[PDB]
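Enquirer: from the sequence below, what's the structure:
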Amino acid sequence: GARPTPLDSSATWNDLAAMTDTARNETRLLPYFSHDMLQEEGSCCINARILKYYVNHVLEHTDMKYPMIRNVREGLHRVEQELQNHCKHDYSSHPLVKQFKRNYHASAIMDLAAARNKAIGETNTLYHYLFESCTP
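Expert: Numbering: from 1, shown residues only. Please see the structure below:
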């Protein structure tokens, strides 16, 4: 499972899969979390901070291409808000969060639309990281 209940909603998973399939019908931006890494205590809040960035930047035409992106973002915002309430430490100062931001910006310079689509396709993977690392 996970703690935030939408992470246990198969409807959200489907929407994210849908998003991925679309984006990819057009290397990685997300930092890679191994199985061992996801078991580490900070992993939940680290990915939650990345989720925050996703809600603000990545999942912000896009409505036309991704009819579900609005509902996904709102759902993801709810998850982020609950996680942030229990994430005592501010992980903006963590290397992996900066990495994403750094790599996303580096990609955005080339092509903003391609960078957005790429990160969008990786949202499903981020959800998986949250699912595993945010279990009590």
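Enquirer: how many other residues sit next to residue 122?
Expert: Neighbourhood size, residue 122 [other C-beta atoms under 10 Å]: 21. In short, each C-beta sits where N, CA and C put it, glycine included.
Enquirer: what about residue 99, how many residues nearby?
Expert: Neighbour tally, residue 99, other C-beta under 10 Å: 14.
Enquirer: now do stretch 41-52: everything it contacts.
Expert: Defining contact as C-beta atoms under 8 Å, 6 or more residues apart in numbering, one finds that stretch 41-52 is touched by 30-31, 33, 37, 76, 79-80, 83-84, 86-87, 89-92, 94, 96-97, 100, 126, 129-130, 133-134.
Enquirer: narrow those to those in helices?
Expert: Using DSSP state H, the subset of those located in helices is 37, 76, 79-80, 83-84, 86, 96-97, 100, 126, 129-130, 133.
Enquirer: compare the residues you listed and tell me which is most surrounded.
Expert: Top of the ones in helices among the contacts of stretch 41-52 by neighbour count (other C-beta under 10 Å): residue 130, with 27 neighbours.
Enquirer: quick one: contacts for the residue of the chain most remote from its centre?
Expert: Distance from the C-alpha centroid of the chain, by C-alpha atoms, centre = their mean, peaks at residue 110 (21.4 Å). By C-beta under 8 Å, 6+ apart, residue 110 lies in contact with nothing.
Enquirer: any idea how far residue 41 is from it?
Expert: Going from residue 110 to residue 41 by C-beta to C-beta, to the nearest Å gives 36 Å.
Enquirer: now residue 60
Expert: Distance, residue 60 to residue 41, by C-beta to C-beta: 31 Å.
Enquirer: ok, residue 26 next?
Expert: Taking C-beta to C-beta as the measure, residue 26 falls 37 Å from residue 41.
Enquirer: who has more neighbours, the two?
Expert: Taking other C-beta under 10 Å, residue 26 and residue 41 do not tie; residue 26 has more neighbours (11 against 8).
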